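[1] sequence, then the experimental structure. Questions to follow.
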There are 2 protein chains.
Amino acid sequence: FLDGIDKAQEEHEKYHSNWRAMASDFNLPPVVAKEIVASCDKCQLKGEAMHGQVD
Amino acid sequence: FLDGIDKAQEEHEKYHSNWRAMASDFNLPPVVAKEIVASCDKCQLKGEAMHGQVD
Ligand SMILES: [Zn+2]
Ligand SMILES: [Zn+2]
């Protein structure tokens, strides 16, 4: 679990690749690749959330 | 990977337990338990984000 992710985590930092790319790069299920995105605040929170246009 | 999560995912829905509880319940590493939280929008986005107090 942590072994493949350690090498995969570095790849994420280098390009912030999507979980689909990391999954194929290490042939790991989306759960492992998706979790790396969950730890990456930049790829996880993509704006949206709120910040409406104010009333 | 998906087998334990399937049973663990149901437990998450029942109580929205934190990844620490699910990890101990199925004795799985934080990566597997943390990913379930990543899929749960209610436990993932806990307000914050933005929504400042306006100027
Ligand atoms: Zn990223
Ligand atoms: Zn939840």
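    On my side now, so go ahead. Numbering: from 1, shown residues only, chains lettered A, B, ... in the order given. Ligands and ions are numbered 1, 2, ... in the order given.

[2] so the host helix or strand of residue A:7, near ligand 1 or not?
    Per DSSP states H and E: residue A:7 is located in helix A:2-15. No: using Cβ under 5 Å from the ion, helix A:2-15 stays clear of ligand 1, with a minimum separation of 5.6 Å. C-beta here means a position set from N, CA and C on the backbone, and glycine is covered the same way.

[3] repeat for stretch A:19-39
    No: applying Cβ under 5 Å from the ion, one finds stretch A:19-39 separated from ligand 1 by no less than 6.5 Å.

[4] start and end of that stretch, how far apart?
    Start-to-end span of stretch A:19-39 (Cα to Cα, to the nearest Å) is 12 Å.

[5] okay, buried residues for that stretch please.
    Using 16 or more other Cβ atoms under 10 Å in any protein chain shown as the test for burial, stretch A:19-39 gives A:19, A:22-23, A:28, A:30-38.

[6] so which of those residues sit within helices?
    Using DSSP state H, the subset of these located in helices is A:19, A:22-23, A:30-38.

[7] state the pair within those residues that is farthest apart.
    For these, the farthest-apart pair by Cβ to Cβ is A:23 and A:38; their separation is 13.8 Å.

[8] tell me who's in contact with the nearest residue to residue A:42 once chain neighbours are set aside.
    Spatially, and ignoring its direct neighbours in sequence, residue A:42 is nearest to residue A:16 (6.3 Å; Cβ to Cβ, 6 or more residues apart in numbering or on different chains). Counting by Cβ atoms under 8 Å, 6 or more residues apart in numbering or on different chains, residue A:16 touches A:40, A:42-43.
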